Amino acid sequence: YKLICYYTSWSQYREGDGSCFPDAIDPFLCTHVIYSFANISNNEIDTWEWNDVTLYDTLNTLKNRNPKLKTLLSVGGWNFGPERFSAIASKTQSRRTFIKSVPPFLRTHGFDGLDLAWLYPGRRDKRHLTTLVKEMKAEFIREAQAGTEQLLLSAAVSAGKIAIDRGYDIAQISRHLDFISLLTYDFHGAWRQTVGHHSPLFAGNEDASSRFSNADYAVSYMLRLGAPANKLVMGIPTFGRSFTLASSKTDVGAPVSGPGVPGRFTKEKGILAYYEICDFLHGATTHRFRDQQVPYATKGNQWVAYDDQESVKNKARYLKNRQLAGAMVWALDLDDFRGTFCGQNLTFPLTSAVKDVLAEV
């Protein structure tokens, strides 16, 4: 069993305890840690933050304690225009240029693999995404010849039916990529005038419009398209999506007036770190879509949908029952890394819950 855990650069700058550095990551927790988002310039892979070489160093040092740990550098991200990927990958020149520039980067900085987080390729991009993957992987193979362990190659794919169907040639890309991460947590957003859970497990028998919008449908679908279960890792979010209620209505379908108030620490509308949610929860009312196996809280005109240890283990068993490669947790920085916000004196409570399940048979 795998546990792929992301670490995002921008989390350092958070204030108070919110600040987080690779420095605080428990070396034996996950099996794969992914530094989140490297840039691309002059078609070459490149750093982002002014101090990644430093933080790079600091994350890769964790392997001094856990030899089995592996680390990968992600490329792309949400604040990286999809166009920029498309532009690179449509002109063979740019593509190959980009590619031949990656292995040395990783070798130079201690990484064991590259991660492709091209956030949503288009209709016009499928044919080239297949290329990037192919060639990129061919290069990683030709470099093992130099007598070093072969660099890993993975990709974060959307879990949206349309999304996948629009820009993913799963069948192909699945046989090249060492593993595929399914972003099973973006099935809703403030862009929908009404309340909704973003990382539901099941379709839930009362609504029937977006059944394709749940981890189960996603998985079962990816399998159909051809991807094997030994390359699949299900995403598990460690944050929550919050809304500001446009009425006293709180039950399913209550109208939304817009995203939620920012977090003390995560400082950003619509989203909330687990540890922030832990504080929120106090004085809040907690419910749970028993149908879709996930909770939601409300306090005032603030409606929040999130994942708790329960819902998370729940999902964890799910992937075990479909025989998947492993689990993926989006944002360690978002978990209670210090373990002081969420009652129990446990560090990384959520990511642990999943580990403890996966550590089971």
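Residue indices: 1-based, along the sequence shown.
- For the pair 4 to 12 and 352 to 360, the mean Cα B-factor is higher in 352 to 360.
- In this entry, 288 to 296 shows the higher mean Cα temperature factor of the pair 309 to 317 and 288 to 296.
- Comparing the listed residues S174, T108, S181, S257, the entry records the largest Cα B-factor for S257.
- The PDB entry assigns its highest CA temperature factor, among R224, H128, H198, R192, to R192.
- Placement of the Cα temperature factor of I25 within the chain: lowest third of the modelled residues, per the deposited record.
- In this PDB entry, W50 carries a Cα temperature factor that places it within the highest third of its chain's modelled residues.
- Ranked by C-alpha B-factor against the other modelled residues of its chain, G160 falls in the lowest third.
- Per the deposited record, the Cα B-factor of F187 falls in the highest third when ranked against the other modelled residues of its chain.
- For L151, the recorded CA temperature factor ranks within the lowest third of the chain's modelled residues.
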